[PDB]
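In structure tokens, the next block holds one chain alone, the form deposited in one PDB entry.
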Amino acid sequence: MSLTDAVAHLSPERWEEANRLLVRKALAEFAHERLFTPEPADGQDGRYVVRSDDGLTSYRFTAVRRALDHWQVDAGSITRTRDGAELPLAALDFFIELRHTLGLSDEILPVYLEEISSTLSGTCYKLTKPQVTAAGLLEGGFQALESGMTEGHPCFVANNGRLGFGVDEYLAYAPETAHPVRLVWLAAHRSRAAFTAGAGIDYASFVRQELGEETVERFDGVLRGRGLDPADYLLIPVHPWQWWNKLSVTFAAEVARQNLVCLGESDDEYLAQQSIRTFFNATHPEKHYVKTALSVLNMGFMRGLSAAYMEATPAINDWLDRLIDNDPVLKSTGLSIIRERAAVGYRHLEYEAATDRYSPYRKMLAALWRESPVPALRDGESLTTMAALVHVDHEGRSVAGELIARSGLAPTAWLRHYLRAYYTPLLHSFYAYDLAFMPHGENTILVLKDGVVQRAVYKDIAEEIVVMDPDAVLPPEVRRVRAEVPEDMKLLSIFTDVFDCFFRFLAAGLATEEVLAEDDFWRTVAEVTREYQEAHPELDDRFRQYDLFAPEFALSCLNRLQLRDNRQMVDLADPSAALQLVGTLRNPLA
């Protein structure tokens, strides 16, 4: 693949830039989580300083403080000083010099640095991409936006590690390189593998729509060639990294015994979405997304897919589809989900016998399909990940910025359209149904027309939603998602997932962009809040129980999670135990 081209993106110039960007983000987000407390340096108003563990090295910087204990740290401003000499900005030396101040044990530190190095390299890659503007992105379309994204999750410092990719694999498989990928297809023996269909899915028809009859006959022929009966098998699509580095070695027994048969590559070409392991069908965008098991470490979790949980997945999706059709409060917000319509799972009996339930060895071979948001589009409508709204091009324009311009409306009017599609349905789900999501940039998609947010689309459902009412009534396979979550924390699904981690940045980007000041931003949030509350007094009891207008709420720290344990940020059985709450934040709705 050419040894030297592979590492061409790693030049001194781009590494210096990438390092400055990442340190500025480590200052902003670690001050926000109070891991350090910058002190006003010398006698300057906006100048602050942060010192190393020993206090001999000083990171001086200027910054602009904003709502929700935000720190707009100016990348250009940062310096590193020790014994009266400048030193170079180095993200690694940074985490090492602050290792006791941050939560970094001798056991976690070296791997964290791998994740830092890995993220920095991806910034070096993105810096070699042709610069595109906010206008250029929207002109490109849905996938130009997906791959155009550069930040990632805006809270996590080490957010694009992808530990397990070699540099060639990085270039092949990272979403931000937009290189086509062809899926590897397996035949899996039904003594180990299970196809779980959603409402109205037939297997023999599903795979023929999703591969074409000609490919289906060919796969069945590969089986017949080996003396095997296609009726004993089902199909599983696997990520090529999984098949070459993991399945073909760890599952060698299954392949050799013909519990698994390697069939070939897919004729359609897929592109990795921001979540890496999920694939949009580029050849045929009408067709399904494909989510895949990928035993690689990104942002606090390994990204294997539990075959156990695949059994429950299409049912949970079916039920929230039925829920949203049958509730005209939500139908009024155009809110929909792209249902995880089908799944497959391989149960490896030997590794089950050898592991516990929460073992990565059980999440190595599983896949789900997901509806496409495309054929649902009416004339004039477009797609975009909502993580675009906090993307700032090389000119200082946000996609939000360009969308507000292009719509022509007053900023607060455009915004009102956005939260009526995106934010309001969350409110109604919590209050009227006890239903929370994980609705950040990656998990949300917005329909656009004429520059204005027509409706929202949600995804990553079964894995992520919680129903916070152990006693509430549900169908059987849905009852998994219930949980006893502390009362004081029940509202963090809005406070931290929506305000501290998205609006905090959106409001603050539009403020520096001089498009909408923070006060006018948050006032609009309150006004669509009351607009929903007053329209439904039959829940005023819960309205007061869970007061979204309280003068303070808990500061839940996200990085602090990953510094504590960056292979499993939270136990999945008790997700509430691992949270780290360090003080409070002035609610901007006061």
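Throughout, rigid core stands for the largest set of C-alpha atoms superposing within 1.5 Å between the two forms. All residue numbers are counted from 1 along the displayed sequence.
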State whether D574, though modelled here, is left unmodelled in a third or more of the other entries compared. yes
Please compare 7-15 with 568-576 and name the stretch with the higher mean C-alpha B-factor in the deposited structure. 568-576
Which has the higher mean CA temperature factor in the PDB entry, 185-193 or 508-516? 508-516
At the C-alpha atoms, which of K291, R224, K363, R416 reaches the highest B-factor in this entry? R416
Using only the C-alpha B-factors in the record, can you name which of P110, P411, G148, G166 has the highest? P411
Grab the CA temperature factor for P476 from the record and place it in the lowest, middle or highest third of its chain. highest
Chain-relative CA temperature factor third for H179: lowest
Quick check for you: using the entry's CA B-factors within this chain, is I324 in the lowest, middle or highest third? highest
If you rank the chain by CA B-factor, which third does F94 end up in: lowest, middle or highest? lowest
Would you mind checking where the Cα B-factor of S332 ranks among the modelled residues of its chain, as the lowest, middle or highest third? highest
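Omitted from view is the form deposited in another entry, to which the following refers.
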Among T444, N298, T123, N281, whose C-alpha is off by 2 Å or more between the shown form and the other one on a rigid-core fit? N298
When you overlay the rigid core, is the Cα of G55 off by 2 Å or more between the shown form and the other one? no
Superposing on the rigid core, do we see a C-alpha displacement of 2 Å or more at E538 between the shown form and the other one? no
Aligned on the rigid core, do the two forms place the Cα of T37 2 Å or more apart, comparing between the shown form and the other one? no
Thinking of the 3 angstroms or more shift, are the C-alphas of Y112 and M299 brought closer or pushed farther apart in that other deposited form than in this view? closer
Once you compare with this form, do the C-alpha atoms of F251 and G300 lie closer or farther in that other deposited form, given a change of 3 Å or more? closer
